[PDB]
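Only one chain is shown below, in structure tokens, and it's the form deposited without this ligand.
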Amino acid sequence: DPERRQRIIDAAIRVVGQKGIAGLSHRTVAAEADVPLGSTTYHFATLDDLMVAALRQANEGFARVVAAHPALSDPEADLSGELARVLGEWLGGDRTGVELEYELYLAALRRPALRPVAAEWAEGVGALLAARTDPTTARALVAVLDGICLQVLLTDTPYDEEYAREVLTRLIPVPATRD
């Protein structure tokens, strides 16, 4: 029982993309990853375990984009404008891929074992923004940019960057003289 762990994780993501999260089972990934079922359960005893791994890897979509935006840390750069731009890039990528990433993320709604992992996405963004604005504002930018994405993917309404920017700006404290 070797290094098939990555093969299985990739397949698990493949299954969710095609059949959706409800079509992900120990057997479907085994079949999709072309590995015996015994392998599947050895690497991921429970289904929660396989999903926690599929989510950690899916969270890589948003993470790459944030990484491709170093200005998100530059004090002289506009926060909301760069933030609204990051969402656009993310939402503009492989539709089925964004859908998949968001699906696993939401799967934590009713699966207690996925909540910690789902928090990872938010802990990460919040920390990044915590270097540019206070913790409360950061917490709020996280919740709202999350709501904006869901809004687009749920109502099938095209992303509106300018709108996203005005909304995000309304959440950032205005600086005072002493600042």
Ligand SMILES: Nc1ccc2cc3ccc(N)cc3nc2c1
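Numbering starts at 1 and follows the sequence shown. So that the term is clear: the rigid core is the largest set of C-alpha atoms that superpose within 1.5 Å between two forms.
The next section is about a form of this same protein that is not shown, the form solved in complex with this ligand.
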{"property": "Shown-form site status with respect to this ligand as positioned in the bound PDB entry after superposition (2.4 Å backbone/C-beta criterion, 3+ atoms)", "result": "blocked"}
{"property": "All of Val65, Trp121 and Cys149 within 4.5 Å of this ligand in the bound PDB entry, heavy atom check", "result": "yes"}
{"property": "Partner contact for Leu145 in the bound PDB entry: this ligand, 4.5 angstroms, heavy atom", "result": "yes"}
{"property": "Heavy atom contacts to this ligand in the bound PDB entry at 4.5 Å, residues of 65-92 in sequence order", "result": "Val65, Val86, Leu87, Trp90"}
{"property": "Moved residue between this form and the one not shown - picked from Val144, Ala130, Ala63, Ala113, where its Cα shifts 2 angstroms or more relative to the rigid core", "result": "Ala63"}
